[PDB]
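Chemist: Below: one structure in structure tokens.
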Amino acid sequence: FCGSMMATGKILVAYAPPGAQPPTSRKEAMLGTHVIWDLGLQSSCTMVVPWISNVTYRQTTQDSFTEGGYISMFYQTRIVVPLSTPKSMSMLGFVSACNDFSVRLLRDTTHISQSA
Amino acid sequence: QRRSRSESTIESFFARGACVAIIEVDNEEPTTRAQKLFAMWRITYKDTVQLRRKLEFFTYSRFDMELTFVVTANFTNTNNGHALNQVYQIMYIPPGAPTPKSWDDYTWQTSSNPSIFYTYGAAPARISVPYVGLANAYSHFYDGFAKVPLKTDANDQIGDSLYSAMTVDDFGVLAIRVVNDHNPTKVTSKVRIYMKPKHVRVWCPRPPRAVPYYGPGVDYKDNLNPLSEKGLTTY
Amino acid sequence: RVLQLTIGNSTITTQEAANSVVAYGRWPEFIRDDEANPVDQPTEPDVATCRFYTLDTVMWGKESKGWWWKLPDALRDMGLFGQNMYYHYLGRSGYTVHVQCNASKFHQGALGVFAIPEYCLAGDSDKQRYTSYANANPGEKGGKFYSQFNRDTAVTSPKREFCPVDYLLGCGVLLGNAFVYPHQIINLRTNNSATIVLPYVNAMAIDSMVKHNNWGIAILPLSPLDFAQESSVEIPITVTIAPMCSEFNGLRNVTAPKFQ
Amino acid sequence: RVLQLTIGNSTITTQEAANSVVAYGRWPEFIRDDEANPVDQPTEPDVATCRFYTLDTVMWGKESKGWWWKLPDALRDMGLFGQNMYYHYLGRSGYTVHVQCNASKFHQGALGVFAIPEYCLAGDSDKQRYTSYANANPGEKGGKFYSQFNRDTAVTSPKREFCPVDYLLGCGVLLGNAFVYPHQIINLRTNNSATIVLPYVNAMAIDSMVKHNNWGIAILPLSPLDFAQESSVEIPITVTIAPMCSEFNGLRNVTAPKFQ
């Protein structure tokens with residue numbers, strides 16, 4: 001969270017394993033694994049998405065048999081901003097991998113094209 | 001006692017290697033028709049019948065592989081002009097990799113995908129593939145779906161799927177082309193892929209198919225009368 | 001010797017007790033991994049919820065052909081097991097299918113109770129593997145076999161449903177070859193019950209239950225029923241399933257698939 | 001020092017962490033009977049189902065008076081806890097009510113979060129103890145307090161619903177005497193959170209949950225909210241409840257009471 005110092009609020013970030021509809025409102029998205037993230041004390045959360053899967057290895061293609069999950073972020077409470085403070089904040093999101101991530105079966109890529 | 005039961009073991013029952021496909025690939029002047037300058041083959045075992053009906057005694061299995069490529073050639077004219085010895089490029093493509101579209105794309109650079117150059121006339125190619133499954137065993141006869149249609153869907157096609165299928169594209173393709181540039185004389189090639197499983201472990205036996213196959217499913221349309229005519233009390 | 005077969009709160013007694021086939025020789029248990037680094041515990045309804053649920057009662061007439069169910073497709077209607085199966089992403093179970101079918105001393109005939117793992121049936125239309133969801137999961141009401149293969153001709157409204165044939169068993173095998181499955185024969189001469197303990201057979205260690213169906217039960221009358229001299233005679237068949245040693249994992253929002 | 005308060009799968013972090021009132025000094029646990037002769041085990045959803053469920057968000061304006069909920073009345077809408085509470089005849093639980101309410105440095109005011117055991121409110125009509133079921137259990141949407149006691153006069157259609165008064169707290173006590181309950185004060189000067197662990201307080205060892213409601217939560221704005229100089233200002237309040245150490249017993253068929 002890279003807003004001003006005086007801005008506060010709470011954000012609910014949630015994860016849901018596949019099989020159901022993607023969660024639309026907060027009423028059905030608080031059921032899965034979620035982290036209520038505060039904006040006042042710190043300015044950064046850390047949500048470790050666990051490894052729940054029937055198969056040992058998922059795929060790196062758009063497949064429906066091995067679907068990852070869903071990520072959603074709702075307002076727990078509204079952002080509270082005093083006067084003489086900008087109303088439009090900003091947010092940056094990152095990604096990583098823990099020390100148990102692993103891959104196999106090297107193959108080609110699709111992020112290049114040699115226009116000849 | 002004193003009978004060798006070694007010929008009937010599972011590792012000895014799958015010792016022979018039967019064909020799985022025959023792929024046409026041609027080398028002619030590029031026409032406006034469907035050019036067979038390169039050909040593709042979806043990797044599956046349920047193309048022939050003798051290997052399919054043999055593997056389907058068993059519900060689950062895990063096994064290595066040993067493929068073998070046997071390549072023949074022909075001419076198309078009676079006293080056709082002579083031609084130099086040709087080089088084939090068999091190329092494996094995992095699921096998700098870019099598929100070739102012309103004879104000579106950027107994807108035939110084989111920079112990640114394993115590929116086999118086979119000079120015509122020599123000994124056949126002979127490569128091994130380990131257990132490339134992602135579950136603990138290959139699953140013959142998957143029962144369920146891939147997708148489940150929900151009540152909250154917009155239309156029918158979103159939750160639509162295909163009965164008894166785990167993935168649309170299993171194990172990718174082979175992509176066989178001829179490396180030499182095309183000629184006014186054309187040489188028809190027919191690659192035959194053999195397949196010999198190794199280190200076979202199987203589970204959960206089931207009875208074999210006894211009406212002829214029809215498609216990659218488990219259904220049937222024709223010849224629903226396998227047993228012949230024979231009297232009741234006649235020896 | 002009379003089996004006071006009790007699991008959970010319900011109790012299955014008997015008038016005759018002969019045998020109880022354990023399929024493939026393995027009693028069901030939980031996941032046994034000695035190389036498990038996480039020690040956190042999943043959601044197990046195993047404290048009082050191994051109960052005997054009872055399906056519909058079908059009537060075995062003189063010209064009836066067969067019945068078939070799926071598992072855990074048949075348990076999605078009733079029980080609190082039917083609710084845990086929807087909130088949880090993946091889970092495993094083991095079953096005890098108990099089929100009772102009483103008759104007098106003057107009736108005859110013999111059923112055959114099978115339990116086919118991965119029981120893929122056959123469609124009817126020439127479109128291959130072309131079957132809707134609601135027609136491929138009829139639920140606890142089951143489905144019935146047929147005499148001859150009659151494929152559908154309605155092309156603008158395709159039926160998109162199965163048409164299994166009894167002596168082909170639906171799959172394509174013969175029926176005399178179908179005794180390599182774990183089975184039981186309700187011979188109305190001697191016994192009137194059939195209990196089969198089913199372990200968890202699947203390739204994965206744990207797999208989803210909404211889309212996949214592990215076991216398939218098929219009841220075939222191997223010999224036709226006959227009372228004294230009449231031509232109309234109906235005795236009932238009742239099936240009873242108990243989920244043993246279930247466990248679940250990974251909650252999410254509820255999923256209600258459409259069943260038209 | 002920043003509380004990484006994690007129960008189940010969800011996680012409650014904070015920007016400020018001060019205290020956590022355990023009501024009456026006892027952390028919740030199961031039934032501890034050393035003189036127990038039956039060793040059979042009830043149905044405990046305790047393997048992964050201690051989660052933080054989140055109620056509705058109410059808006060605390062400048063002239064808003066109060067809110068009140070009941071427990072386990074508020075949890076019957078969502079969760080798999082809402083399904084176990086209907087199939088089982090009797091069960092016990094313990095709660096952690098967590099109330100967050102953020103504000104800037106220029107707002108002021110202070111809430112007060114109570115947890116009244118056996119919170120009997122007062123009806124409005126002169127018919128004594130004359131309150132319908134659906135009006136006495138509003139669910140997770142809660143109810144609001146009032147300024148003056150306005151009894152109902154419609155006699156052919158009686159409302160049959162509560163009318164609590166805020167400084168009488170509904171019951172009949174004063175508000176300054178209401179700090180003998182286990183409480184917490186969300187003073188917007190210093191902190192912005194309030195967590196209260198509630199043990200199982202009831203006369204029986206285990207009691208029904210459809211008809212009885214053990215705890216009652218009441219949020220009273222002790223000082224009115226005020227922003228800089230305006231007369232319209234609304235900040236949100238969000239309540240979060242986690243059922244800890246629940247257990248249930250005695251399955252039956254499902255019960256759906258009417259809520260008009």
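FYI, nothing fancy with the structure tokens labels: chains A, B, ... in order, residues from 1 per chain, ligands from 1 as they appear.
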Please report as a PyMOL selection string which residues of chain B come no farther than 8 Å from chain C, using only C-alpha atoms.

Modeler: chain B and resi 59-60+135-139+141-151+162-164+205-211+215-221

Chemist: Could those residues be written to a file, using N, CA, C and O atoms, as a CSV table (one decimal), in the first residue's frame?

Modeler:
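And here is the file that came out, out_3.csv:
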```csv
chain,number,residue,atom,x,y,z
B,59,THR,N,-7.1,-51.5,-15.1
B,59,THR,CA,-7.7,-50.1,-15.0
B,59,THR,C,-6.6,-49.1,-14.8
B,59,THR,O,-6.5,-48.1,-15.5
B,60,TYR,N,-5.6,-49.3,-13.9
B,60,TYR,CA,-4.5,-48.4,-13.7
B,60,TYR,C,-3.2,-49.1,-14.1
B,60,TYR,O,-3.1,-50.3,-13.9
B,135,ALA,N,-0.4,-38.2,-12.1
B,135,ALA,CA,-0.9,-38.9,-11.0
B,135,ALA,C,0.1,-40.0,-10.6
B,135,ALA,O,1.2,-40.0,-11.1
B,136,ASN,N,-0.3,-40.9,-9.8
B,136,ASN,CA,0.7,-42.0,-9.4
B,136,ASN,C,0.6,-43.1,-10.4
B,136,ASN,O,1.4,-44.0,-10.3
B,137,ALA,N,-0.3,-43.1,-11.4
B,137,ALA,CA,-0.4,-44.1,-12.4
B,137,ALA,C,-1.2,-43.5,-13.5
B,137,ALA,O,-2.0,-42.6,-13.3
B,138,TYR,N,-1.0,-44.1,-14.7
B,138,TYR,CA,-1.9,-43.7,-15.8
B,138,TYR,C,-3.2,-44.3,-15.6
B,138,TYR,O,-3.4,-45.3,-15.0
B,139,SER,N,-4.2,-43.6,-16.0
B,139,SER,CA,-5.6,-44.0,-15.7
B,139,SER,C,-6.3,-44.3,-17.1
B,139,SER,O,-6.7,-43.4,-17.8
B,141,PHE,N,-9.7,-45.6,-18.6
B,141,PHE,CA,-11.1,-45.5,-18.2
B,141,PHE,C,-11.4,-44.5,-17.1
B,141,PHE,O,-11.7,-44.8,-16.0
B,142,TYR,N,-11.2,-43.2,-17.4
B,142,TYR,CA,-11.6,-42.2,-16.5
B,142,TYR,C,-13.1,-42.0,-16.6
B,142,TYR,O,-13.7,-41.9,-17.6
B,143,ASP,N,-13.7,-42.0,-15.4
B,143,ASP,CA,-15.2,-42.0,-15.4
B,143,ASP,C,-15.8,-40.7,-15.5
B,143,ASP,O,-16.9,-40.5,-16.2
B,144,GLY,N,-15.3,-39.7,-14.8
B,144,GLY,CA,-16.0,-38.4,-14.7
B,144,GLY,C,-15.9,-37.5,-15.8
B,144,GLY,O,-15.6,-37.9,-17.0
B,145,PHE,N,-16.1,-36.2,-15.5
B,145,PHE,CA,-15.9,-35.1,-16.5
B,145,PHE,C,-14.6,-34.4,-16.2
B,145,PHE,O,-13.8,-34.7,-15.4
B,146,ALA,N,-14.5,-33.3,-17.0
B,146,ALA,CA,-13.5,-32.3,-16.7
B,146,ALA,C,-14.0,-31.0,-16.1
B,146,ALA,O,-13.4,-30.4,-15.3
B,147,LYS,N,-15.3,-30.7,-16.4
B,147,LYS,CA,-16.0,-29.5,-15.9
B,147,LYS,C,-17.3,-29.9,-15.4
B,147,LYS,O,-17.9,-30.9,-15.9
B,148,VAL,N,-17.9,-29.1,-14.5
B,148,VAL,CA,-19.1,-29.4,-13.9
B,148,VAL,C,-20.0,-28.2,-14.1
B,148,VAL,O,-19.7,-27.1,-13.7
B,149,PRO,N,-21.2,-28.3,-14.8
B,149,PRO,CA,-22.0,-27.2,-15.1
B,149,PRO,C,-22.8,-26.7,-13.9
B,149,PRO,O,-23.5,-27.5,-13.3
B,150,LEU,N,-22.6,-25.5,-13.5
B,150,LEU,CA,-23.2,-24.9,-12.3
B,150,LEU,C,-24.5,-24.3,-12.6
B,150,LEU,O,-24.9,-24.0,-13.8
B,151,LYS,N,-25.3,-24.1,-11.5
B,151,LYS,CA,-26.6,-23.5,-11.7
B,151,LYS,C,-26.5,-22.0,-12.0
B,151,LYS,O,-27.4,-21.4,-12.7
B,162,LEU,N,-16.8,-33.0,-21.8
B,162,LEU,CA,-16.9,-34.2,-22.6
B,162,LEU,C,-16.7,-35.4,-21.7
B,162,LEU,O,-15.8,-35.4,-20.9
B,163,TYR,N,-17.6,-36.4,-21.8
B,163,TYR,CA,-17.6,-37.5,-20.9
B,163,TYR,C,-16.4,-38.4,-21.1
B,163,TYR,O,-16.0,-38.7,-22.3
B,164,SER,N,-15.8,-38.8,-20.0
B,164,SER,CA,-14.7,-39.8,-20.0
B,164,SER,C,-13.5,-39.2,-20.6
B,164,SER,O,-12.9,-39.8,-21.6
B,205,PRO,N,-7.6,-55.6,-12.3
B,205,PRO,CA,-8.0,-56.2,-13.6
B,205,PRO,C,-9.4,-56.1,-13.9
B,205,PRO,O,-10.3,-55.9,-13.0
B,206,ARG,N,-9.7,-56.1,-15.2
B,206,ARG,CA,-11.1,-56.0,-15.7
B,206,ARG,C,-11.2,-56.8,-17.0
B,206,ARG,O,-10.2,-57.1,-17.6
B,207,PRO,N,-12.4,-57.2,-17.4
B,207,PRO,CA,-12.5,-58.1,-18.5
B,207,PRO,C,-12.3,-57.4,-19.8
B,207,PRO,O,-12.5,-56.2,-19.9
B,208,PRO,N,-11.9,-58.1,-20.9
B,208,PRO,CA,-11.5,-57.4,-22.1
B,208,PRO,C,-12.7,-57.1,-23.0
B,208,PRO,O,-13.8,-57.6,-22.8
B,209,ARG,N,-12.5,-56.2,-24.0
B,209,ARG,CA,-13.5,-55.8,-24.9
B,209,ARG,C,-13.8,-56.9,-25.9
B,209,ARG,O,-12.9,-57.6,-26.4
B,210,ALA,N,-15.1,-57.1,-26.2
B,210,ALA,CA,-15.5,-58.3,-27.0
B,210,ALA,C,-16.5,-57.9,-28.1
B,210,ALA,O,-17.1,-58.8,-28.7
B,211,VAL,N,-16.8,-56.6,-28.3
B,211,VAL,CA,-17.4,-56.1,-29.5
B,211,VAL,C,-16.4,-55.2,-30.1
B,211,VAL,O,-15.5,-54.7,-29.4
B,215,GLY,N,-14.3,-45.4,-32.0
B,215,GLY,CA,-13.9,-44.1,-31.4
B,215,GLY,C,-13.1,-44.2,-30.2
B,215,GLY,O,-12.8,-45.3,-29.7
B,216,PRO,N,-12.7,-43.1,-29.6
B,216,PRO,CA,-11.8,-43.2,-28.4
B,216,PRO,C,-12.6,-43.3,-27.1
B,216,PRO,O,-12.0,-43.2,-26.0
B,217,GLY,N,-13.9,-43.5,-27.2
B,217,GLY,CA,-14.7,-43.7,-26.0
B,217,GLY,C,-14.7,-45.2,-25.6
B,217,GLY,O,-13.7,-45.9,-25.7
B,218,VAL,N,-15.9,-45.6,-25.0
B,218,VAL,CA,-16.1,-47.0,-24.6
B,218,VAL,C,-17.4,-47.5,-25.1
B,218,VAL,O,-18.0,-48.4,-24.6
B,219,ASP,N,-17.9,-46.8,-26.2
B,219,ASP,CA,-19.2,-47.1,-26.8
B,219,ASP,C,-19.0,-48.1,-27.9
B,219,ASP,O,-18.0,-48.6,-28.2
B,220,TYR,N,-20.2,-48.4,-28.6
B,220,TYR,CA,-20.2,-49.4,-29.6
B,220,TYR,C,-21.4,-49.2,-30.5
B,220,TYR,O,-22.4,-48.6,-30.0
B,221,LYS,N,-21.3,-49.5,-31.8
B,221,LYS,CA,-22.4,-49.3,-32.7
B,221,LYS,C,-22.7,-50.6,-33.5
B,221,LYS,O,-23.9,-50.9,-33.7
```

Chemist: For the interface of chain C with chain D (cut-off 12 Å, counting only C-alpha atoms), please tabulate each contacting residue of chain C alongside its nearest pair of atoms and their separation in Å to one decimal, rows sorted by chain and increasing number, as a tab-separated table.

Modeler:
```
residue	atom	partner	partner_atom	distance
C:8	CA	D:40	CA	10.0
C:9	CA	D:250	CA	9.6
C:10	CA	D:251	CA	11.6
C:39	CA	D:47	CA	11.6
C:40	CA	D:47	CA	8.4
C:41	CA	D:47	CA	5.5
C:42	CA	D:47	CA	5.3
C:43	CA	D:47	CA	4.6
C:44	CA	D:47	CA	6.5
C:45	CA	D:43	CA	7.0
C:46	CA	D:43	CA	7.3
C:47	CA	D:43	CA	4.6
C:48	CA	D:43	CA	5.1
C:49	CA	D:43	CA	7.1
C:50	CA	D:43	CA	10.4
C:51	CA	D:251	CA	10.4
C:78	CA	D:253	CA	9.7
C:79	CA	D:253	CA	8.6
C:80	CA	D:87	CA	7.6
C:81	CA	D:84	CA	11.0
C:82	CA	D:83	CA	11.1
C:83	CA	D:83	CA	8.1
C:84	CA	D:80	CA	8.0
C:85	CA	D:80	CA	11.2
C:86	CA	D:80	CA	10.2
C:87	CA	D:80	CA	7.6
C:88	CA	D:80	CA	10.1
C:247	CA	D:47	CA	10.1
C:248	CA	D:48	CA	9.6
C:249	CA	D:48	CA	8.2
C:250	CA	D:48	CA	8.7
C:251	CA	D:48	CA	8.8
C:252	CA	D:79	CA	9.6
C:253	CA	D:79	CA	8.6
C:254	CA	D:79	CA	9.3
```

Chemist: Report, in Å to a single decimal, how far apart atom CA of residue C:182 and atom CA of residue B:49 are.

Modeler: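 We find that atom CA of residue B:49 and atom CA of residue C:182 lie 27.2 Å from each other.
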
Chemist: If DSSP is run on the backbone, what residues of stretch 13-70 of chain C are strand (DSSP E or B)? A reply as a compact mmCIF listing (two decimals) with N, CA and C atoms, in the first residue's frame would be ideal.

Modeler:
```
# COMPACT_ATOMS: atom_id res chain seq x y z
N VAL C 21 -17.63 -60.07 1.62
CA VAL C 21 -16.50 -59.93 0.71
C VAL C 21 -15.82 -58.59 0.93
N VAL C 22 -14.55 -58.63 1.29
CA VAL C 22 -13.70 -57.45 1.31
C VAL C 22 -13.03 -57.36 -0.05
N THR C 43 -10.44 -32.12 7.75
CA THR C 43 -11.79 -32.15 8.29
C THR C 43 -12.35 -33.56 8.11
N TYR C 53 -26.98 -45.31 5.07
CA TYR C 53 -28.04 -44.63 4.34
C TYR C 53 -28.72 -45.63 3.42
N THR C 54 -30.02 -45.45 3.21
CA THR C 54 -30.83 -46.41 2.48
C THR C 54 -31.39 -45.76 1.22
N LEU C 55 -31.13 -46.37 0.07
CA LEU C 55 -31.56 -45.81 -1.20
C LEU C 55 -33.03 -46.12 -1.45
N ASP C 56 -33.45 -45.90 -2.70
CA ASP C 56 -34.80 -46.24 -3.10
C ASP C 56 -34.97 -47.75 -3.20
N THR C 57 -36.23 -48.17 -3.15
CA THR C 57 -36.60 -49.56 -3.31
C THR C 57 -37.07 -49.80 -4.73
N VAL C 58 -36.40 -50.71 -5.43
CA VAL C 58 -36.78 -51.09 -6.78
C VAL C 58 -37.51 -52.41 -6.72
N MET C 59 -38.33 -52.67 -7.73
CA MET C 59 -39.18 -53.85 -7.75
C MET C 59 -38.71 -54.78 -8.86
N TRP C 60 -38.26 -55.97 -8.47
CA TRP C 60 -37.74 -56.95 -9.42
C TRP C 60 -38.87 -57.84 -9.88
N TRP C 67 -30.34 -53.00 -12.89
CA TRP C 67 -30.24 -51.68 -12.29
C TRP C 67 -28.77 -51.32 -12.17
N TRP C 68 -28.49 -50.02 -12.09
CA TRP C 68 -27.11 -49.60 -11.89
C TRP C 68 -27.09 -48.27 -11.16
N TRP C 69 -26.11 -48.09 -10.29
CA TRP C 69 -25.88 -46.84 -9.59
C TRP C 69 -24.43 -46.43 -9.75
N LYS C 70 -24.09 -45.28 -9.19
CA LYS C 70 -22.71 -44.82 -9.11
C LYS C 70 -22.43 -44.40 -7.68
```

Chemist: Write out as a VMD selection string every residue belonging to chain A that has an atom at most 9 Å from any atom of chain D, counting only C-alpha atoms.

Modeler: chain A and resid 6 to 10 14 26 to 28 30 to 43 45 76 to 83

Chemist: Select residues of chain B: the criterion is any atom within 6 Å of an atom of chain A, counting only C-alpha atoms; output as an mmCIF file with C-alpha atoms, in the first residue's frame.

Modeler:
```cif
data_model
loop_
_atom_site.group_PDB
_atom_site.id
_atom_site.type_symbol
_atom_site.label_atom_id
_atom_site.label_comp_id
_atom_site.auth_asym_id
_atom_site.auth_seq_id
_atom_site.Cartn_x
_atom_site.Cartn_y
_atom_site.Cartn_z
ATOM 1 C CA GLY B 96 1.327 -25.946 -24.526
ATOM 2 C CA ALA B 97 4.390 -25.456 -26.722
ATOM 3 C CA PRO B 98 3.951 -23.574 -30.026
ATOM 4 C CA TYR B 106 10.876 -20.325 -35.964
ATOM 5 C CA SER B 112 14.040 -26.774 -26.001
ATOM 6 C CA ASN B 113 12.060 -29.631 -27.507
ATOM 7 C CA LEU B 134 1.229 -36.620 -13.215
ATOM 8 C CA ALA B 135 -0.878 -38.877 -11.000
ATOM 9 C CA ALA B 146 -13.456 -32.295 -16.690
#
```

Chemist: Using only C-alpha atoms, pick whichever of C:4, C:190, C:232, C:93 has the shortest atom-to-atom distance to residue C:27.

Modeler: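 Looking only at the distances to residue C:27, the closest residue turns out to be C:93.
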